[PDB]
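The chain below stands alone and is given in structure tokens; this is the form deposited in one PDB entry.
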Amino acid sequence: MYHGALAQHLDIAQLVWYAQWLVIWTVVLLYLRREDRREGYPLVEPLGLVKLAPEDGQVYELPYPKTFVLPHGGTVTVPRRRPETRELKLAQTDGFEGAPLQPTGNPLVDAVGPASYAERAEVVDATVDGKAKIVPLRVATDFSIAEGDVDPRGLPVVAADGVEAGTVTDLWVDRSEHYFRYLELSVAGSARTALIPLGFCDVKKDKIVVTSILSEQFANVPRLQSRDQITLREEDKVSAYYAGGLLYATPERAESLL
């Protein structure tokens, strides 16, 4: 006789193979796929003249809401109805649902396409001990540039069009992670600063090179409300602005490379 044999041709390991499969799909469909739906649901669409139903499937696919209790106060509950209320300067290019939208104004400033931001909190991100996290070195005076690296304060910023567009005034550091995230510059010929995230910068020894946008367009980089502080949502506006440059800085850029 055999270890494992259960019956006619059924044995243990064979049953376990079925159980294994079951456990995997349960976790995947019933658990992981629902956790995937805590942001962005329920799906949106146009609508109908007459509709008065909860639509079962929209209940079924969602998980039960969970609530984060936030380190410095408050809660967030997800999933929740985060509607996109704010208006967009885009026009449908074809009639069919799958068709892309076209911006109707200046997408950089209208913040559409690559230039969009999330409706993040207008709250200043905070360190673990409650201070503002991303702040200029004028403020983060206990921080410095590691010896060996370029100090970019003083250097010119050179936009995609070859033109010098300002002068790096300061670096903003993340004092939770000890990591520079933005350069601040005096915009040339404007009475303003602009931040620019360090991922959009080529730091040379003698100039910072910014390819995303032309010198003109630094003018309308999003403005901060304070000078030594930046909110989660502002970070999004500032970043998104240059990301929008990559598609929209010039007319060629939206069209086929080849």
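Heads up, when I say rigid core I mean the largest set of C-alphas that superpose within 1.5 Å between the two forms. For every residue, the number given is its place in the sequence shown, counted from 1.
One more form of this protein should be noted, the form deposited in another entry, which is absent from this view; the next part is about it.
After superposing the two forms on their rigid core, pick out the one entry in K131, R80, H72, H178 with a CA shift of 2 Å or more between the shown form and the other one. Comparing both forms, the shifted residue turns out to be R80.
Taking the cut-off of 3 Å or more as given, in which direction does the distance between the C-alpha atoms of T85 and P107 change in the other entry, closer or farther? Relative to the shown form, the pair is closer.
Closer or farther in the other entry: C-alpha pair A111, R86 (3 angstroms or more): Closer, not farther.
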